[PDB]
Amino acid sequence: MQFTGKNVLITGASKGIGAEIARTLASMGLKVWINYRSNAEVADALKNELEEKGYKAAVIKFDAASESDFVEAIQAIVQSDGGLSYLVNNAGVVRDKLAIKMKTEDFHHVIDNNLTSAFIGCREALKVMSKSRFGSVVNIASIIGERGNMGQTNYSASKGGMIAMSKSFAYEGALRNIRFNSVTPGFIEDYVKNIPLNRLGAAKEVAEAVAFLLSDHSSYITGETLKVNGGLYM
């Protein structure tokens, strides 16, 4: 795919879907910044892999649920590269229980760490992308955020709020060509029963949806939610 931008920051990218987004975007020629919070071994391993395939990769440590930490990280990337073309808000956790077994503590943890991180990222994207009249931001949402689930009142709250907040951000960034969109993965690798495509999704399929929404090919799409769930939910 074709990118006018040059670099991308991916929160929570040391493993899983975030790692695969990093891998996909770096194989398409963007310099990927791979966020991690705790142990650096796995992030450093991914960065080494990506350079060793010939790509551009750097690692950066911050807590995406911390305002100061994540503002200073974006400032450091601006100072190293000259700007920031792309952001992927992927940082997220799960703490599933039935609601009657869930303290407001278990709710606040998931809400803060899944929504406020995305809010910080989107606001800082608005700041650093405005001067150049160019940017794209993708919020990794979920199918749970669109339909809800048993035992996932907190998670579904966070990712439905992410879907609606992202549209608000699209409204605010659209006049300076700063686009915001959500991706709602389905089941990514019994549950396979209800999937019409009769298989789990690969992380790469998510990653290439993200790549499309960051790319120039989606330059008229903003404020949209892209389902990547094999037909589980239309």
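Start at 1 and count along the sequence shown; that's the residue number.
In the deposited entry, the stretch joining residue 189 to residue 190 is interrupted by 10 or more residues of the deposited sequence lacking coordinates. Comparing 159 to 167 with 146 to 154, the higher mean C-alpha B-factor in the PDB entry belongs to 146 to 154.
Higher mean CA temperature factor between 20 to 28 and 214 to 222: 20 to 28, per the PDB entry. Within the selection 50, 207, 178, 183, the deposited Cα B-factor values reach their highest point at 50.
Among the modelled residues of the chain, residue 140 sits in the lowest third by CA temperature factor in this PDB entry. Ranked by Cα temperature factor within the chain, residue 54 sits in the highest third according to the deposited record. Ranked against the other modelled residues of its chain, the C-alpha B-factor of residue 74 as given in the entry falls in the middle third. Sort the chain's modelled residues by C-alpha temperature factor and residue 107 lands in the highest third, per the entry.
Residue 89: CA B factor in the lowest third of modelled residues in this chain (values from the PDB entry).
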